[PDB]
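Notes follow the structure.
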Amino acid sequence: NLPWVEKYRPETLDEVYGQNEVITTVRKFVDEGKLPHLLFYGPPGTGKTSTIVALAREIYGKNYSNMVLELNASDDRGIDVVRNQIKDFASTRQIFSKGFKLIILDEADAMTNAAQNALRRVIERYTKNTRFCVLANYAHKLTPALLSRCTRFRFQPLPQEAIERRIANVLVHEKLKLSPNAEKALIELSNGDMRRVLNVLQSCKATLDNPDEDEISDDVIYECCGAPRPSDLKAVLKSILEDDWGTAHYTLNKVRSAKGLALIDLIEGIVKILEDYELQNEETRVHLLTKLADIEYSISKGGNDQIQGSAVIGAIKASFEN
Amino acid sequence: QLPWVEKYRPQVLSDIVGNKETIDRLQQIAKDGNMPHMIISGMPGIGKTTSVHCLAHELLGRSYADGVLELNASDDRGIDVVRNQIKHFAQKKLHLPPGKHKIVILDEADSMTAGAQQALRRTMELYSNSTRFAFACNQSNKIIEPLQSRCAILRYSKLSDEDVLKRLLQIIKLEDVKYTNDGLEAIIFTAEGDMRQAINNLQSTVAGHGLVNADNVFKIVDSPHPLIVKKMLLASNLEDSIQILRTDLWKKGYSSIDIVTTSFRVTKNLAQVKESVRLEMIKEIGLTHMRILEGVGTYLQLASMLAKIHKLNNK
Amino acid sequence: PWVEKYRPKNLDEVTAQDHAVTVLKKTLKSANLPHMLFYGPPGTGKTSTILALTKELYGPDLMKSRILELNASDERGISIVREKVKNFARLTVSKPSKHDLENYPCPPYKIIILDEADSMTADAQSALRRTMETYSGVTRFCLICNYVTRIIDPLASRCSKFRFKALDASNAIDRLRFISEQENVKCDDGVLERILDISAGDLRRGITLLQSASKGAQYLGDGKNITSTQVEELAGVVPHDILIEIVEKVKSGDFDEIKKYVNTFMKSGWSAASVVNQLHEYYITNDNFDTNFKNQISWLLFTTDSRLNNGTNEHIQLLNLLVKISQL
Amino acid sequence: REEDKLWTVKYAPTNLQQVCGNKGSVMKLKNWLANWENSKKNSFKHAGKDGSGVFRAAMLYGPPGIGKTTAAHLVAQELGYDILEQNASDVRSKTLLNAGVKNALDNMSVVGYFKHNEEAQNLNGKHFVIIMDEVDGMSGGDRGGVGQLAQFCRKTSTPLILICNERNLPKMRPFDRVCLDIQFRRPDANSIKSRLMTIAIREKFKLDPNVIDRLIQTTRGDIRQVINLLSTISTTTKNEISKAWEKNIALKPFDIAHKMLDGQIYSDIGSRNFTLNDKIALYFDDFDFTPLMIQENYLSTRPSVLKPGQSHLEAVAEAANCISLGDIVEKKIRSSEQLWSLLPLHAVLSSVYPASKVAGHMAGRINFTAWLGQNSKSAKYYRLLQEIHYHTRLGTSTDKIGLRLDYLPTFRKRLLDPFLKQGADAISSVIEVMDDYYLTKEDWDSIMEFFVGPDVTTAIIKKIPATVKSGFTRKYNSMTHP
Amino acid sequence: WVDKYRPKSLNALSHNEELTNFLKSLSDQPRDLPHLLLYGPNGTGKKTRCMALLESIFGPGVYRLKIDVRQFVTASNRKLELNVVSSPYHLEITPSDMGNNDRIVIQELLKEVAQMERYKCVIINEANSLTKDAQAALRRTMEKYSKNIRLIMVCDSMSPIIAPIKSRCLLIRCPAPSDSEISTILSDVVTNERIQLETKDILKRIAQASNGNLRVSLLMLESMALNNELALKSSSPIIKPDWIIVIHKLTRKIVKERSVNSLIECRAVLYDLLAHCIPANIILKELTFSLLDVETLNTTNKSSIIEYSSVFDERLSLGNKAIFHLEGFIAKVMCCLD
Ligand SMILES: Nc1ncnc2c1ncn2[C@@H]1O[C@H](COP(=O)(O)OP(=O)(O)OP(O)(O)=S)[C@@H](O)[C@H]1O
Ligand SMILES: Nc1ncnc2c1ncn2[C@@H]1O[C@H](COP(=O)(O)OP(=O)(O)OP(O)(O)=S)[C@@H](O)[C@H]1O
Ligand SMILES: Nc1ncnc2c1ncn2[C@@H]1O[C@H](COP(=O)(O)OP(=O)(O)OP(O)(O)=S)[C@@H](O)[C@H]1O
Ligand SMILES: Nc1ncnc2c1ncn2[C@@H]1O[C@H](COP(=O)(O)OP(=O)(O)OP(O)(O)=S)[C@@H](O)[C@H]1O
Ligand SMILES: Nc1ncnc2c1ncn2[C@@H]1O[C@H](COP(=O)(O)OP(=O)(O)O)[C@@H](O)[C@H]1O
Ligand SMILES: [Mg+2]
Ligand SMILES: [Mg+2]
Ligand SMILES: [Mg+2]
Ligand SMILES: [Mg+2]
C-alpha cells in the first residue's frame with residue numbers, strides 16, 4: 001500500500017537514472033575518502049534526496065540511523081535548533097565510530113540570513129569532525145558565503161530515456177498496459193519530473209482498472225492531472241483568431257469553465273503554439289510577447305479573471321493585423 | 001585537501017589587497033596603539049573579518065590568547081551572555097603596553113537582537129580605558145542608533161578587477177599552476193568583486209581540469225557562457241534570439257535567475273554598443289529580474305525581455 | 001439560516017455534483033472505504049455530502065461518539081495532532097447499540113473530517129501522514145481543500161482524489177426554485193437567474209442572498225414580489241440605471257462633465273469597484289462596437305484592474321479609466 | 001594615562017557652562033533639583049512658580065548623543081548630592097527592583113557620609129539621586145520593569161531622574177503625568193562649531209570651516225559622533241593638507257556625488273576612460289548614502305549631455321521617473337534581506353541613470369541629503385500624533401489621521417486663539433476645554449506644534465509674554481480632570 | 001461642539017430616513033442579529049450609526065466606555081501594547097497600529113472574548129486595512145463563534161474585501177448627505193447655539209464647500225463662527241484647513257511657473273507638508289483634483305495629468321519614500337504643462 005513515489009525509490013546508487021555525470025563523480029569521491037560538504041541543488045522531482053540517502057547507506061551500512069542526521073525545513077528553526085542541535089551533533093563524538101558524521105538538510109533554501117550565517121559558521125568551526133550536505137531547489141536563495149564553502153552539484157531534469165526506462169520498470173512490477181500515445185503525453189506533461197509521473201500513474205491505476213487490464217488513453221491522463229488538451233488549445237486559438245468577439249469570448253469561457261483550466265496554462269500553451277508560426281512582421285511577435293507577459297504577471301497577483309481573459313483575447317486579436 | 005581560501009588567508013595587515021586608505025589607517029592605528037571602537041561594514045567577501053583579525057594580532061603580539069574575545073554566530077549572544085561574560089571580560093585585569101588594549105570582536109553584529117545590542121552601550125562606554133569593541137557587519141542599518149553613535153564607521157568598497165587580478169597572480173605564482181589570460185578574465189568576470197569566491201573558483205578549476213581556461217571556468221561555475229549570451233543579446237532578428245534562448249539555454253536546464261544574471265553581467269561589459277542603450281537594456285533586464293523573483297519564472301518572461309531588448313536596440 | 005434548515009442530509013438531495021456521489025454510493029456497501037481527498041471551489045457541497053455519508057452510515061446516536069470534526073479555526077498545532085488526533089486515532093471503537101445495528105450497518109472504523117486542508121502546516125500534515133496510515137484498520141480520514149498544491153504529495157497517494165466541479169447555471173435553477181417553494185416566499189419573474197448570475201459558482205451565496213433579501217422585504221409588510229433591484233442592491237453591484245448614465249456621459253462629453261459626474265458618483269453614488277466589471281461586461285457583450293474599439297476597451301479595462309488591485313485610490317483610477325475610454 | 005584614552009572621554013564636559021546647546025532644559029532641570037527640598041517640605045502640592053513642585057521624578061529624553069547623561073550627572077554632582085546610577089546592563093526586573101533599589105529609596109549614603117560631612121557645605125550630601133538610565137532599553141528579560149519604575153516615580157523621597165531616547169513610545173506610557181518630562185533637542189550648529197574649534201585648537205590642528213559644517217550636516221547633530229569622527233584625523237601623520245582623509249573615509253558620499261555628476265564622464269571620449277562598470281563600482285563605495293545624495297542634488301546642475309531638442313525640465317522629469325523606479329526597487333530589496341543580488345539593478349535605476357541623464361557642471365555646492373532629518377521629524381511627529389489620539393479617542397470617534405487633517409485647525413481656534421486677544425483671564429476656559437478631552441500642557445504644545453503653512457504658531461507662541469505662559473503652566477498643575 | 005450635538009440614539013438621527021428606518025427595523029431582534037458591514041465615504045455617520053444601533057439594542061449605558069491596553073507577543077520577544085475601547089456590552093478594534101500581527105491579534109483576541117460568558121459586539125474600524133490573511137482569520141472567527149460574536153465592520157469603498165466575508169453579512173451603504181440635508185443640520189446647530197445668521201446662503205455655501213463631508217462642514221462652521229464673533233455675514237471668507245491652502249498655493253505655483261528653480265520650492269513645500277503628519281495619497285489627491293480645476297488648461301493637459309496621477313498613485317502604493325514619487329509626479333506635470 002506504500003506509494004509508488006516511495007515504493008520505487010532507489011535504494012542504492014545504481015538505481016538513479018539520468019544523473020551519471022554526478023554519480024560517477026560522487027562514486028570517485030567516496031572511493032578516494034575525500035568527501036567534502038556537498039550542495040545538491042536542482043528542480044524538484046529529480047532524485048537529490050534519494051541519491052544522498054543511497055550514498056549515506058552505501059557508506060555507513062547498518063550505522064545509518066546512528067551516523068546520519070536528517071533535518072528538514074523551517075520546523076520552528078528560528079535560531080535555536082541550528083545553534084543547539086546541529087552544533088551538538090557536530091561536537092558530540094560517537095562511541096564506536098571510525099570516521100565522520102553526516103548531517104543532511106533538505107530544502108534548506110528557506111532559511112533566513114541569520115540562520116544561514118549560523119549554519120555557515122558552524123560548518124566552518126567543525127569542518128574536520130563532520131561533513132555537511134545541503135539540498136536546494138534554487139541556488140540563488142542561499143548566502144554566497146555558504147556556496148563558497150562546499151562543492152555544488154546541479155541536478156538537470158531527467159531526459160526522455162530515463163523516464164521511459166522507469167515507465168518500463170513500473171510496468172514490469174505492475175499489471176498495467178499503456179497506450180503508445182500515453183507515454184508521449186506523459187513525457188510532454190512531466191517536464192522531466194519523475195515524482196509527478198509516479199503520482200499520476202498510481203491515480204490512473206486506481207481509478208481506471210476495473211479488471212486490472214485496461215488501456216490508459218490520453219483522455220484520462222489529461223483529465224486527472226488537470227492539464228490542457230492540444231486539440232482544445234488549437235480550437236480556442238482558431239476561434240480567437242478567425243471568429244468575432246461574441247463567439248470567441250463564449251468559446252473561451254466555455255472551455256475555461258467546462259474543464260476547469262486556469263488562465264496561466266492557457267497563456268503558456270497559447271504562446272507555445274504561437275512560437276512556431278511563420279508570421280510576417282516582427283512587431284507582431286514583439287507586441288504579442290510583451291502583452292502576454294504583462295497579462296501573466298498581472299494574473300500572478302490574482303485579478304478579475306474575466307478581465308484578463310478579455311485582455312488576452314484583445315491582445316491576440318490586435319497583434320495579428322500586420 | 002585544504003581550501004585555498006583558508007591556506008592563503010592574509011596573516012599580516014600588509015598582505016590584504018584592496019581598499020588602500022582604510023588599510024593605511026588601520027596600519028597607523030596598529031603602529032600607534034590608540035584604537036577606538038569601530039564598526040566595519042561592507043559587502044560579503046572583501047576581507048572584513050580578516051582585516052580586524054590581523055589588526056588585533058598586530059596590536060596584541062603575544063597577548064592575543066588572553067586579550068581577545070571573539071563572538072561569531074555560532075556562540076550564544078543573548079541578554080545573559082552580554083550582561084555576564086562580556087562584562088566580566090571587560091573588568092578582567094591585564095598588564096599591556098601603554099598603547100595596547102583588550103579587544104572584543106563581534107562578528108555579524110547585524111544578527112544580534114536589539115535587546116542584546118542595547119545592554120552593550122554602558123558596558124563599552126564605562127570601560128573605554130581597557131576595552132575596545134570591533135563589530136563586523138554586512139548591513140550598518142540593522143545596528144541601533146546609540147551603537148552607531150558610539151563607534152566609528154569603516155566602509156569597505158567592492159574589490160576592483162586590478163586588485164583581484166594581482167591576488168590571483170600571486171596565488172598562481174606561489175602555487176605553480178598553468179593558466180591563460182582568458183581564464184583569468186573569466187574568473188574576474190564570475191567573481192564580481194568576491195575575492196573568496198574567486199579563489200574558490202580558481203582552486204576548483206585547477207583541481208578539476210588543471211589548466212585554467214575560459215571553457216573550464218565556465219564549465220565548473222555551471223553558468224551560461226557569456227559568449228552565447230552576448231550572441232543572444234545582439235542578434236539582428238528577434239526570431240534568432242528566441243531560437244538561441246530556446247534550444248541552447250532553456251533546453252539545457254539553466255535557471256532563469258542564472259540566465260538573467262548572466263545577461264545583466266554581459267550587458268554591463270558590452271563596450272561595443274553605446275551608453276544609453278546599455279543603460280536601457282540593463283533597466284529592462286532588471287525589470288525582468290524583478291518579475292522572475294516575484295514567483296513567476298516563465299519562459300514567456302524571458303521571451304518578452306528579449307523582444308523588448310530587440311525593439312530597443314532597433315529603435 | 002436556510003443554508004442550515006435545508007442543508008443536504010442525504011446523498012440524493014445533492015443534485016449539482018453527481019459524478020462523485022454515485023461511486024461512494026457504490027462503495028459504502030464495502031468496509032474498505034479509503035481515505036478521501038476532496039478538492040473544489042467553495043460552496044459546492046463538500047460538507048453536505050460528508051455529513052450525509054456520515055449520517056447514512058452511522059446514525060444519530062453515534063454522530064458524536066465516533067465521528068470527529070476538526071477545522072482550521074480550531075487549534076490544530078503539532079501538539080494537537082500528536083496528542084488529541086493521535087489518541088482518537090488509536091482509541092478502540094465504541095460498542096453500537098442494538099437500535100443502531102437494526103437500522104445502520106456499523107463499520108469497524110471511525111470517521112474524522114479535517115476540512116480546509118489548504119492552510120495546514122507542513123509539519124502537521126507530515127505528522128498526520130503516520131497518524132493516518134498505521135491506523136487504517138480502525139480509522140479513515142477525508143481531507144477537504146480548494147487547491148491541491150497546498151497539501152504535500154504523500155498525503156494524496158493513499159487518499160483518492162475527488163474534484164467537485166463548479167456547478168453549472170442550468171442545474172442550479174431547480175434547487176433555487178425548490179427553496180423558493182418550501183418557504184412560501186413570493187418572488188418576481190426575472191430574479192432567480194439574476195441571483196444565480198450574481199452568485200455564479202457559489203450557490204451558498206445565492207441562498208443567503210435570497211434569504212436576506214426576502215427577510216428584508218418582509219419588514220415592509222407589502223407582500224409584493226421581490227424585484228431584481230432590491231436583490232442587486234444588497235450584493236454591492238452597481239445598478240443598471242446609473243451604469244447607463246455613466247455610459248451615456250462617457251459616449252460623448254467633455255473632461256469637466258466627466259470629472260463632475262465621477263466626483264458626484266464617488267461622493268454619494270455606490271462606492272464599489274464593480275463598475276469596472278459591469279463596464280467590461282457591457283462593452284464586450286454589446287454588438288454595436290467595432291473590433292478596433294474592443295481591443296482598446298479590453299486593454300484599458302485590464303490596465304485599470306491591475307492598477308486598482310494594488311490598494312490604490314478608487315476615485316483617481318476610475319476618473320482615469322473614464323477619460324481614457326472617452327478619448328477613444 | 002594621557003593618550004591611550006578616547007576623545008569623547010578626555011574632552012567630556014566638567015561644568016554646566018561647557019554643555020553645548022539645550023540651555024533651557026539644563027536650567028529647568030537644575031532649578032527643579034534645587035527646589036526639590038522645598039517641594040518635599042510642601043508635600044509636593046505647592047507648585048513653585050513653575051509647576052515643577054508637584055513632580056517627584058524628572059524624565060530626560062531626546063536624540064542619541066546630545067548630552068542627556070552628561071547633563072544629568074553634572075547637575076547631580078554640582079549640588080553636592082550622591083549619585084546612584086542604574087543602566088540597561090543591569091537586570092532591572094520586578095523582584096530585583098523590589099529588593100535592590102526599592103530598599104535604597106529613603107536611606108542615606110554611607111559614601112556621602114564617610115566622605116565629607118563635618119563642614120557646612122550642603123545638607124543634602126547624605127541623600128540620593130537615583131539615575132535610571134536607558135529606560136527605553138528594558139528588553140523582554142525585564143518583566144514588569146516599566147510598571148515598577150512608574151510606581152517608583154511616586155511614593156519616593158529622593159530625586160529620581162529617568163533617561164531615555166523616545167519618550168512618546170507606547171512602552172513609556174505609565175510615565176504620563178507622574179514625572180516631569182523635559183525635552184532635549186538637537187544642538188544648534190554654532191555651539192557644535194565652537195566646541196569643535198576648541199577641540200582643534202587644543203589638539204594643534206587647523207580645519208577648514210566648510211569641512212566642519214559638512215561634518216555637522218553628515219552627522220545630523222550628534223556631538224559624540226563628530227568627536228569620534230574628528231579623532232580620526234590624528235591618524236593622518238605620514239603638511240598643510242588633509243584633503244585625502246576628508247574625501248575618502250569621512251566625507252565619501254560628497255566625493256561620490258561629485259564624481260558621478262561630472263558630465264565629462266558620460267561624453268563619448270570619457271565614456272571609455274571611465275566605463276559603466278566603473279560607475280556601478282563607484283556606487284558600491286557607499287550604497288547607503290549615494291541614492292539619497294543623488295535624489296537630493298540631481299536637479300541643481302547645469303547639463304551638457306542634453307539631447308538635440310530636450311530641455312532641462314524633460315530630463316529632470318525622466319530622472320525623477322527613474323528615481324521613483326529605483327525607490328521601488330530599494331523597497332523590494334529592504335523588504336526581504338535575502339535579496340542581496342538586486343543591488344546592481346538598484347544601482348543603475350537610482351544612481352547611474354539619473355546622473356547620466358542630468359550630468360554636467362555643478363551650479364552651487366553639493367549639499368548633504370535632507371531626507372534623513374525629515375524622516376526622523378516625521379517619525380517623531382507620528383509618535384506625537386498617536387500619543388495625542390490616545391487621549392482624545394474617548395470623545396472624538398475618528399481615525400488617527402482624521403484628527404490631524406480636520407480637528408487641529410479648530411483646536412487652534414479654541415485653545416491658542418483666545419490667548420492672543422483675551423489676555424490672561426481666559427486660562428480657565430482653555431483648561432476646561434482641554435480637560436473635556438483629557439489633554440495636558442505637553443499635549444497642548446504637541447497640538448500647537450504641527451500647524452504647517454500660513455498658520456505657523458511658533459512665532460505667535462514666542463510672541464506672548466513669559467508671565468502668561470508661566471501663569472497658565474503653574475495654574476494647570478492644580479486642577480486635574482482624570 | 002461637533003461632538004456635543006452628535007445624535008446618541010436612533011430617534012435623534014436626522015439624516016437618511018430610510019437607513020434609520022432600516023436600523024429601527026433591525027433593532028427589534030436583540031437575540032438574532034446578523035453580521036453587518038457598513039461602507040461609505042468618510043464623514044457620513046457610520047460609526048454614529050453603529051453606536052446608536054448598539055444603544056437601541058442594549059441599554060443607554062453603552063456610551064460610557066473605557067480604554068484598556070493589552071500586550072501581545074509574536075514568535076520573537078516583541079511585546080506590542082494594543083489599545084482597545086471596551087464598553088460593558090461591546091468593544092472596538094482598530095487594526096491601524098499593527099502591520100504584521102493582523103492575523104495574530106484578531107484570531108486570538110476574538111478567541112478570548114467568546115469564552116468568559118447574550119452575544120458581544122466587536123466593531124472593526126477601518127476594515128479595509130486588513131491583509132487577506134487577517135480577513136481569512138476573521139472569516140474563521142465568524143464561522144466558529146456565531147452565538148457570541150456579532151461583527152459590525154465599518155469601512156469605505158469595500159473593494160479589498162474577500163467574498164467569504166461579503167457573502168456572510170448584511171452589506172449596508174451610507175451615501176453622503178445632500179446639501180439640502182446638511183443645511184438643515186447646520187441650521188439646528190446654529191439655532192441651538194444662538195448664532196446670528198443674516199441669511200441662509202451661508203449654510204448652502206458651507207455644504208457646497210465641504211463636498212458632502214458632514215463632520216468637516218460642522219467643523220468649518222465652528223471655525224468660521226469663532227472668527228466673525230459668532231456673527232456670520234454675507235462677507236464670508238470660507239475657512240480652509242492649514243494644508244489645503246498650502247496645496248492650493250502649490251498648485252498655483254505649478255500653473256504659473258514651470259521650471260526647475262520652482263521645482264526646488266515645490267520639493268521644499270512637499271518636505272514641509274510630509275513631516276507634519278500628512279499622508280502621501282491625500283497630498284496626491286488634493287493636488288490632482290486641484291490641478292484639474294484650473295481654467296487655464298485644456299482637455300489634453302487634464303487628460304495627461306490624470307494619467308500621470310493614476311500612474312504615480314500605483315507607484316506610491318508600492319514604495320516607502322513618498323517624496324520621491326511626489327517629486328516625480330510634479331516633474332511630469334511641469335513637463336506636460338510646458
Ligand atoms: N532519478 C530517479 N530515478 C528513479 N526514481 C526517481 C528518481 N528521482 C526521483 N524518483 C522518484 O521520486 C521520488 C522522490 O524523489 P526525491 O529524491 O525525493 O526528489 P528530490 O530530487 O529530492 O526533489 P524534492 O524531494 O521534490 S525537493 C523517489 O522516491 C522516487 O520514487
Ligand atoms: N583584500 C583581500 N586580499 C586578500 N585576500 C582576501 C581579501 N579579501 C578577502 N580575501 C580572502 O577571502 C577569504 C575570506 O574572506 P573573509 O574576510 O573571511 O570574508 P568577510 O570579509 O568576513 O565577509 P563575510 O564573513 O562573508 S560577511 C580570506 O581568508 C582571504 O583569503
Ligand atoms: N449541490 C447542492 N445542492 C444543494 N445545496 C447545496 C449544494 N451545494 C451546496 N449547497 C448549499 O450550500 C451549503 C454549503 O455547504 P458546504 O458543503 O460546506 O459547501 P462548501 O463547498 O464546503 O463551502 P466551503 O466550506 O467554503 S469549501 C450547503 O450547506 C447547502 O445549503
Ligand atoms: N553638549 C555636549 N557638549 C560636549 N560634548 C558633548 C555634549 N553632549 C554629548 N557630548 C559628548 O558625548 C559623550 C557622551 O554623551 P552622553 O550624554 O553620555 O550621550 P547620551 O545623551 O547619554 O545619549 P545615549 O545615552 O548614548 S542614547 C560625552 O562624554 C561628550 O564627549
Ligand atoms: N443624523 C445626524 N445628525 C447630525 N449629525 C450627524 C448625523 N449623523 C452623523 N453626524 C455627524 O457625523 C459625525 C461622526 O462622523 P463619523 O461617523 O465618525 O465619520 P465616518 O463616517 O468617516 O466614520 C458626528 O460628529 C456627527 O456630528
Ligand atoms: Mg527528496
Ligand atoms: Mg567574516
Ligand atoms: Mg464546508
Ligand atoms: Mg546615556
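Just so we're on the same page: first chain in the C-alpha cells is A, next is B, and so on; residues restart at 1 for each chain, and ligands are numbered from 1 in the order they show up.
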Within 10 Å of ligand 6, counting only C-alpha atoms and all ligand atoms: which residues, as a compact mmCIF listing (two decimals) with N, CA, C and O atoms, in the first residue's frame?
# COMPACT_ATOMS: atom_id res chain seq x y z
N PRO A 44 12.74 20.22 -8.43
CA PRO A 44 12.18 19.09 -7.67
C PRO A 44 11.87 17.91 -8.57
O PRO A 44 11.80 18.01 -9.79
N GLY A 45 11.68 16.76 -7.93
CA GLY A 45 11.38 15.54 -8.66
C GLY A 45 12.51 15.05 -9.54
O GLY A 45 12.27 14.57 -10.65
N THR A 46 13.75 15.17 -9.06
CA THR A 46 14.92 14.75 -9.82
C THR A 46 15.68 13.60 -9.18
O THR A 46 16.16 12.72 -9.90
N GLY A 47 15.78 13.56 -7.86
CA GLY A 47 16.45 12.46 -7.20
C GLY A 47 17.54 12.86 -6.22
O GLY A 47 18.40 12.04 -5.89
N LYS A 48 17.51 14.11 -5.75
CA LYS A 48 18.52 14.57 -4.80
C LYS A 48 18.46 13.78 -3.50
O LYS A 48 19.47 13.22 -3.04
N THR A 49 17.28 13.74 -2.88
CA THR A 49 17.13 13.05 -1.60
C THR A 49 17.44 11.57 -1.73
O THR A 49 18.13 10.99 -0.88
N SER A 50 16.94 10.93 -2.79
CA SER A 50 17.21 9.51 -2.99
C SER A 50 18.70 9.26 -3.18
O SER A 50 19.26 8.32 -2.59
N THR A 51 19.37 10.10 -3.97
CA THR A 51 20.80 9.94 -4.18
C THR A 51 21.57 10.07 -2.88
O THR A 51 22.46 9.27 -2.58
N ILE A 52 21.23 11.08 -2.07
CA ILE A 52 22.01 11.31 -0.86
C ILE A 52 21.75 10.22 0.18
O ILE A 52 22.68 9.79 0.88
N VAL A 53 20.51 9.73 0.28
CA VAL A 53 20.25 8.67 1.26
C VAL A 53 20.89 7.37 0.80
O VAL A 53 21.41 6.59 1.62
N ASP A 106 17.40 18.98 4.14
CA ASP A 106 16.54 19.01 2.97
C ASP A 106 15.93 20.39 2.78
O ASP A 106 15.53 21.06 3.75
N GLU A 107 15.86 20.82 1.52
CA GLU A 107 15.28 22.10 1.10
C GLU A 107 15.67 23.26 2.02
O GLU A 107 14.85 24.12 2.34
N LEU A 135 20.52 20.26 0.56
CA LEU A 135 19.66 20.13 -0.61
C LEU A 135 18.96 21.45 -0.88
O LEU A 135 18.59 22.17 0.05
N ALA A 136 18.77 21.75 -2.16
CA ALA A 136 18.21 23.05 -2.52
C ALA A 136 17.51 22.96 -3.87
O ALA A 136 17.90 22.18 -4.74
N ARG A 195 8.69 12.45 -9.95
CA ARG A 195 7.73 12.42 -8.86
C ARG A 195 6.30 12.57 -9.38
O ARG A 195 5.40 11.82 -8.98
Inset, instruction - Write out as a count of residues only every residue belonging to chain E that has an atom at most 8 Å from any atom of chain C, counting only C-alpha atoms. - result: 37
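Selecting all polymer residues at most 8 Å from ligand 8, using only C-alpha atoms and all ligand atoms, gives residues 42, 43, 45, 46, 47, 48, 115, 116 and 144 of chain C.
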Could you save those same residues with N, CA, C and O atoms as a tab-separated table (two decimals), in the first residue's frame?
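Final output, saved to part10.tsv:
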chain	number	residue	atom	x	y	z
C	42	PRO	N	-15.34	26.82	-3.19
C	42	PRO	CA	-16.20	26.90	-2.01
C	42	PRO	C	-17.67	26.95	-2.39
C	42	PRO	O	-18.05	27.47	-3.44
C	43	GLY	N	-18.51	26.38	-1.52
C	43	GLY	CA	-19.94	26.36	-1.74
C	43	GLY	C	-20.35	25.47	-2.89
C	43	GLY	O	-21.10	25.89	-3.78
C	45	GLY	N	-20.79	21.76	-2.05
C	45	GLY	CA	-21.46	20.62	-1.46
C	45	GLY	C	-20.54	19.68	-0.71
C	45	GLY	O	-20.90	18.52	-0.48
C	46	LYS	N	-19.35	20.16	-0.33
C	46	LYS	CA	-18.40	19.30	0.37
C	46	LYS	C	-18.97	18.80	1.69
C	46	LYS	O	-19.23	17.60	1.86
C	47	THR	N	-19.22	19.73	2.62
C	47	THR	CA	-19.66	19.33	3.95
C	47	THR	C	-21.03	18.67	3.92
C	47	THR	O	-21.32	17.81	4.74
C	48	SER	N	-21.88	19.06	2.95
C	48	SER	CA	-23.19	18.44	2.84
C	48	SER	C	-23.07	16.95	2.57
C	48	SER	O	-23.65	16.13	3.29
C	115	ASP	N	-11.59	19.40	7.44
C	115	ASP	CA	-11.84	20.25	6.28
C	115	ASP	C	-10.85	21.41	6.24
C	115	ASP	O	-10.14	21.69	7.21
C	116	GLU	N	-10.80	22.08	5.08
C	116	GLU	CA	-9.91	23.22	4.86
C	116	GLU	C	-8.45	22.81	5.08
C	116	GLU	O	-7.79	23.24	6.03
C	144	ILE	N	-10.61	18.01	3.14
C	144	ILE	CA	-11.29	18.92	2.23
C	144	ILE	C	-10.36	20.09	1.93
C	144	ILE	O	-9.67	20.59	2.83
Inset, instruction - Please identify the residues whose atoms come within 8 Å of ligand 4, using only C-alpha atoms and all ligand atoms, and report them as number ranges by chain. - result: B: 121, 145-147, 149-150; D: 7-13, 18-22, 62-71, 133-134, 163-165, 187, 192, 195, 222-225, 227
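With distances taken over only C-alpha atoms and all ligand atoms, B:73 is the one residue among B:73, B:312, B:17, B:296 lying closest to ligand 7.
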Can you build me a table of chain A residues sitting at most 7 Å from chain B, with the closest atom pair per residue and its distance in Å to one decimal, using only C-alpha atoms, sorted by chain and residue number, as a tab-separated table?
residue	atom	partner	partner_atom	distance
A:83	CA	B:74	CA	6.4
A:114	CA	B:111	CA	5.7
A:117	CA	B:73	CA	6.6
A:118	CA	B:73	CA	4.9
A:121	CA	B:74	CA	5.9
A:122	CA	B:74	CA	5.8
A:148	CA	B:197	CA	5.8
A:156	CA	B:253	CA	5.7
A:157	CA	B:253	CA	6.9
A:286	CA	B:307	CA	5.2
A:289	CA	B:304	CA	5.0
A:290	CA	B:304	CA	5.0
A:293	CA	B:301	CA	5.6
Inset, instruction - For residue E:78, please output as number ranges by chain all residues within 9 Å (counting only C-alpha atoms; exclusion window: fewer than 4 positions along the same chain). - result: D: 139-140; E: 72-74
Saved selection, atoms kept: C-alpha atoms, as a PDB file, in the first residue's frame:
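Below is the file that was written, part.pdb:
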ATOM      1  CA  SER D 139      14.071  44.235  26.857  1.00  0.00           C
ATOM      2  CA  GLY D 140      11.989  41.083  27.276  1.00  0.00           C
TER       3      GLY D 140
ATOM      4  CA  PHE E  72       0.625  40.559  22.876  1.00  0.00           C
ATOM      5  CA  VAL E  73       3.778  38.679  21.887  1.00  0.00           C
ATOM      6  CA  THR E  74       4.784  37.326  18.471  1.00  0.00           C
TER       7      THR E  74
END
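Atom to atom, atom 20 (P, counted along the ligand's line) of ligand 3 and atom CA of residue C:50 stand 10.2 Å apart.
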Inset, instruction - Could you please tell me, as JSON, numbers by chain, which residues of chain D have an atom within 10 Å of chain A when using only C-alpha atoms? - result: {"D": [336, 337, 338, 339, 340, 341]}
Would you mind exporting C-alpha atoms of the selected residues as a tab-separated table (two decimals), in the first residue's frame?
chain	number	residue	atom	x	y	z
D	336	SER	CA	13.44	40.83	2.11
D	337	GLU	CA	17.03	40.61	3.36
D	338	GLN	CA	17.87	37.57	1.20
D	339	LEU	CA	17.76	39.68	-1.99
D	340	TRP	CA	21.39	40.87	-1.94
D	341	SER	CA	21.56	40.17	-5.69
Inset, instruction - Name all residues at most 10 Å from residue D:347 (count only C-alpha atoms; drop same-chain ones fewer than 6 positions away) and give them as a VMD selection string. - result: chain D and resid 279 to 284 287 290 to 291 326 329 to 330 353
Inset, instruction - Please provide the set of residues having any atom within 7 Å of stretch 84-100 of chain C, restricted to only C-alpha atoms, with same-chain residues fewer than 3 positions apart removed, written as number ranges by chain. - result: C: 59, 80-81, 103-104, 109, 131, 135, 139
Inset, instruction - If you run DSSP over the backbone, which residues in stretch 31-182 of chain B end up strand (DSSP E or B)? Put them as an NGL selection string. - result: :B and (38-42 or 68-71 or 102-107 or 131-137 or 152-156 or 179)
Legend entry - Distance criterion (only C-alpha atoms and all ligand atoms): nearest to ligand 1 out of C:221, C:154, C:137, C:239: C:154
